[PDB]
file protein_0.txt (compact mmCIF, N, CA and C atoms)
# COMPACT_ATOMS: atom_id res chain seq x y z
N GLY U 1 125.16 75.99 220.93
CA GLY U 1 124.20 74.91 220.72
C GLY U 1 123.60 75.00 219.32
N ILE U 2 122.42 74.42 219.13
CA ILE U 2 121.87 74.33 217.78
C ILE U 2 121.49 75.72 217.26
N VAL U 3 121.09 76.62 218.16
CA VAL U 3 120.72 77.96 217.72
C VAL U 3 121.94 78.70 217.14
N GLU U 4 123.08 78.56 217.81
CA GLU U 4 124.31 79.22 217.36
C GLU U 4 124.76 78.68 216.01
N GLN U 5 124.68 77.36 215.84
CA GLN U 5 125.15 76.70 214.60
C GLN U 5 124.20 76.82 213.39
N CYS U 6 122.88 76.91 213.63
CA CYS U 6 121.91 76.84 212.54
C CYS U 6 121.04 78.09 212.35
N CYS U 7 120.94 78.92 213.39
CA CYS U 7 120.13 80.15 213.32
C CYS U 7 121.02 81.38 213.10
N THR U 8 121.94 81.64 214.03
CA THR U 8 122.80 82.81 213.85
C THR U 8 123.88 82.55 212.78
N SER U 9 124.25 81.29 212.53
CA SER U 9 125.07 80.97 211.35
C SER U 9 124.34 79.97 210.45
N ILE U 10 124.94 79.64 209.31
CA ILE U 10 124.23 78.82 208.32
C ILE U 10 124.24 77.35 208.73
N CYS U 11 123.07 76.71 208.67
CA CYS U 11 122.92 75.32 209.10
C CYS U 11 123.54 74.34 208.08
N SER U 12 123.60 73.05 208.43
CA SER U 12 124.02 72.01 207.48
C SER U 12 123.38 70.68 207.85
N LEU U 13 123.33 69.74 206.91
CA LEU U 13 122.70 68.44 207.18
C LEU U 13 123.46 67.66 208.26
N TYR U 14 124.78 67.75 208.20
CA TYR U 14 125.65 67.12 209.18
C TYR U 14 125.25 67.51 210.59
N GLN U 15 125.08 68.82 210.81
CA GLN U 15 124.73 69.34 212.13
C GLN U 15 123.31 68.98 212.58
N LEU U 16 122.34 69.07 211.67
CA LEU U 16 120.97 68.70 212.04
C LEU U 16 120.87 67.24 212.51
N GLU U 17 121.54 66.33 211.80
CA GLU U 17 121.40 64.91 212.13
C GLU U 17 121.99 64.60 213.51
N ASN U 18 122.87 65.46 214.02
CA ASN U 18 123.38 65.26 215.38
C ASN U 18 122.27 65.35 216.43
N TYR U 19 121.13 65.94 216.07
CA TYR U 19 120.04 66.12 217.05
C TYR U 19 118.87 65.14 216.84
N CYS U 20 119.01 64.20 215.89
CA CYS U 20 118.02 63.12 215.77
C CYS U 20 118.20 62.13 216.91
N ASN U 21 117.14 61.42 217.30
CA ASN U 21 117.28 60.36 218.31
C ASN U 21 117.84 59.08 217.72
N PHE T 1 116.52 72.89 201.58
CA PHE T 1 115.97 73.52 202.77
C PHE T 1 116.88 73.49 204.02
N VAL T 2 118.02 72.79 203.98
CA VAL T 2 118.85 72.70 205.18
C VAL T 2 120.02 73.70 205.21
N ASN T 3 120.48 74.14 204.04
CA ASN T 3 121.68 74.98 203.99
C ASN T 3 121.35 76.49 204.01
N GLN T 4 120.70 76.93 205.09
CA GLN T 4 120.33 78.35 205.26
C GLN T 4 120.22 78.68 206.76
N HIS T 5 119.92 79.93 207.09
CA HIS T 5 119.66 80.29 208.48
C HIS T 5 118.26 79.76 208.84
N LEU T 6 118.19 78.94 209.89
CA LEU T 6 116.92 78.32 210.33
C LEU T 6 116.67 78.71 211.78
N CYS T 7 115.60 79.47 212.04
CA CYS T 7 115.32 79.91 213.42
C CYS T 7 113.86 79.61 213.81
N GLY T 8 113.63 79.38 215.10
CA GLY T 8 112.26 79.24 215.60
C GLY T 8 111.51 78.10 214.94
N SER T 9 110.25 78.33 214.55
CA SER T 9 109.47 77.22 214.00
C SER T 9 110.09 76.64 212.72
N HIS T 10 110.86 77.47 212.00
CA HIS T 10 111.53 77.04 210.76
C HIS T 10 112.61 75.97 211.03
N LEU T 11 113.25 76.07 212.20
CA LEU T 11 114.29 75.11 212.61
C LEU T 11 113.66 73.79 213.03
N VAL T 12 112.59 73.87 213.82
CA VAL T 12 111.85 72.72 214.27
C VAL T 12 111.30 71.92 213.07
N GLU T 13 110.81 72.65 212.09
CA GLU T 13 110.24 72.03 210.90
C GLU T 13 111.34 71.24 210.14
N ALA T 14 112.54 71.82 210.03
CA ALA T 14 113.67 71.11 209.39
C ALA T 14 114.06 69.85 210.13
N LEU T 15 114.18 69.91 211.47
CA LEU T 15 114.46 68.72 212.28
C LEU T 15 113.41 67.64 212.07
N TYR T 16 112.14 68.05 212.02
CA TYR T 16 111.04 67.12 211.75
C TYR T 16 111.21 66.36 210.43
N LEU T 17 111.48 67.09 209.34
CA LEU T 17 111.67 66.50 208.00
C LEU T 17 112.92 65.59 207.92
N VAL T 18 114.04 66.07 208.43
CA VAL T 18 115.30 65.32 208.37
C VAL T 18 115.29 64.04 209.22
N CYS T 19 114.81 64.12 210.47
CA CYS T 19 114.95 63.01 211.41
C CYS T 19 113.86 61.94 211.24
N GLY T 20 112.74 62.33 210.67
CA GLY T 20 111.69 61.37 210.33
C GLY T 20 111.25 60.55 211.52
N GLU T 21 111.15 59.23 211.36
CA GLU T 21 110.50 58.45 212.41
C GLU T 21 111.37 58.22 213.66
N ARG T 22 112.65 58.59 213.64
CA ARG T 22 113.40 58.44 214.88
C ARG T 22 113.24 59.64 215.81
N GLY T 23 112.62 60.71 215.33
CA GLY T 23 112.39 61.89 216.14
C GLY T 23 113.66 62.67 216.48
N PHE T 24 113.53 63.64 217.37
CA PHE T 24 114.64 64.55 217.65
C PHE T 24 114.47 65.21 219.00
N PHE T 25 115.50 65.91 219.45
CA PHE T 25 115.33 66.80 220.58
C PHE T 25 115.75 68.22 220.23
N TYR T 26 115.01 69.17 220.78
CA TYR T 26 115.22 70.58 220.49
C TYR T 26 115.51 71.32 221.79
N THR T 27 116.73 71.84 221.90
CA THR T 27 117.19 72.49 223.12
C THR T 27 117.81 73.83 222.76
N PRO T 28 117.01 74.90 222.78
CA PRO T 28 117.51 76.21 222.34
C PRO T 28 118.46 76.89 223.33
N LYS T 29 118.45 76.47 224.59
CA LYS T 29 119.32 77.07 225.60
C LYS T 29 120.37 76.08 226.08
N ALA T 30 120.84 75.23 225.18
CA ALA T 30 121.96 74.34 225.49
C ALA T 30 123.03 74.46 224.41

call {"tool": "encode", "arguments": {"input": "protein_0.txt", "output": "structure tokens"}}
result
Amino acid sequence: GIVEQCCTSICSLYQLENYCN
Amino acid sequence: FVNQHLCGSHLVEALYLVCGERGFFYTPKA
């Protein structure tokens, strides 16, 4: 989930925007 | 501010800035 993609590995703008409403 | 390790309140803060007025959902155990 988001913790695996952005916390334990390096985040990106592409991935963050997947969680906007 | 987005291309780094973001955890806890630091992650929530990034979602807040990026998503702006459309808001977001935060699910740490999904």

call {"tool": "residues_around", "arguments": {"input": "protein_0.txt", "residues": "residue 30 in chain T", "least_positions_apart": "4", "cutoff": "8 Å", "atoms": "all atoms listed in the file", "output": "list in words"}}
result
residues 1, 2, 3 and 4 of chain U; 26 of chain T

call {"tool": "interface_residues", "arguments": {"input": "protein_0.txt", "of": "chain T", "to": "chain U", "cutoff": "5 Å", "atoms": "all atoms listed in the file", "output": "list in words"}}
result
residues 2, 3, 4, 5, 6, 7, 22, 23, 24, 25 and 30 of chain T

call {"tool": "atom_distance", "arguments": {"input": "protein_0.txt", "atom1": "CA of residue 18 in chain T", "atom2": "atom N of residue 1 in chain T"}}
result
10.2 Å

call {"tool": "select_by_dssp", "arguments": {"input": "protein_0.txt", "residues": "chain T", "states": "helix (DSSP H, G or I)", "output": "list in words"}}
result
residues 9, 10, 11, 12, 13, 14, 15, 16, 17, 18, 19, 20, 21 and 22 of chain T

call {"tool": "write_last_selection", "arguments": {"input": "protein_0.txt", "atoms": "N, CA and C atoms", "output": "mmCIF file, in the frame of the given file"}}
result
data_model
loop_
_atom_site.group_PDB
_atom_site.id
_atom_site.type_symbol
_atom_site.label_atom_id
_atom_site.label_comp_id
_atom_site.auth_asym_id
_atom_site.auth_seq_id
_atom_site.Cartn_x
_atom_site.Cartn_y
_atom_site.Cartn_z
ATOM 1 N N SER T 9 110.250 78.330 214.550
ATOM 2 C CA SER T 9 109.470 77.220 214.000
ATOM 3 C C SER T 9 110.090 76.640 212.720
ATOM 4 N N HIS T 10 110.860 77.470 212.000
ATOM 5 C CA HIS T 10 111.530 77.040 210.760
ATOM 6 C C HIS T 10 112.610 75.970 211.030
ATOM 7 N N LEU T 11 113.250 76.070 212.200
ATOM 8 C CA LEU T 11 114.290 75.110 212.610
ATOM 9 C C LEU T 11 113.660 73.790 213.030
ATOM 10 N N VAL T 12 112.590 73.870 213.820
ATOM 11 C CA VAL T 12 111.850 72.720 214.270
ATOM 12 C C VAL T 12 111.300 71.920 213.070
ATOM 13 N N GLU T 13 110.810 72.650 212.090
ATOM 14 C CA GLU T 13 110.240 72.030 210.900
ATOM 15 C C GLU T 13 111.340 71.240 210.140
ATOM 16 N N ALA T 14 112.540 71.820 210.030
ATOM 17 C CA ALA T 14 113.670 71.110 209.390
ATOM 18 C C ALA T 14 114.060 69.850 210.130
ATOM 19 N N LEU T 15 114.180 69.910 211.470
ATOM 20 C CA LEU T 15 114.460 68.720 212.280
ATOM 21 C C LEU T 15 113.410 67.640 212.070
ATOM 22 N N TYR T 16 112.140 68.050 212.020
ATOM 23 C CA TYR T 16 111.040 67.120 211.750
ATOM 24 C C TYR T 16 111.210 66.360 210.430
ATOM 25 N N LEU T 17 111.480 67.090 209.340
ATOM 26 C CA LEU T 17 111.670 66.500 208.000
ATOM 27 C C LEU T 17 112.920 65.590 207.920
ATOM 28 N N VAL T 18 114.040 66.070 208.430
ATOM 29 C CA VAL T 18 115.300 65.320 208.370
ATOM 30 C C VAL T 18 115.290 64.040 209.220
ATOM 31 N N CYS T 19 114.810 64.120 210.470
ATOM 32 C CA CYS T 19 114.950 63.010 211.410
ATOM 33 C C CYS T 19 113.860 61.940 211.240
ATOM 34 N N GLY T 20 112.740 62.330 210.670
ATOM 35 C CA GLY T 20 111.690 61.370 210.330
ATOM 36 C C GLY T 20 111.250 60.550 211.520
ATOM 37 N N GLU T 21 111.150 59.230 211.360
ATOM 38 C CA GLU T 21 110.500 58.450 212.410
ATOM 39 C C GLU T 21 111.370 58.220 213.660
ATOM 40 N N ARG T 22 112.650 58.590 213.640
ATOM 41 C CA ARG T 22 113.400 58.440 214.880
ATOM 42 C C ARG T 22 113.240 59.640 215.810
#
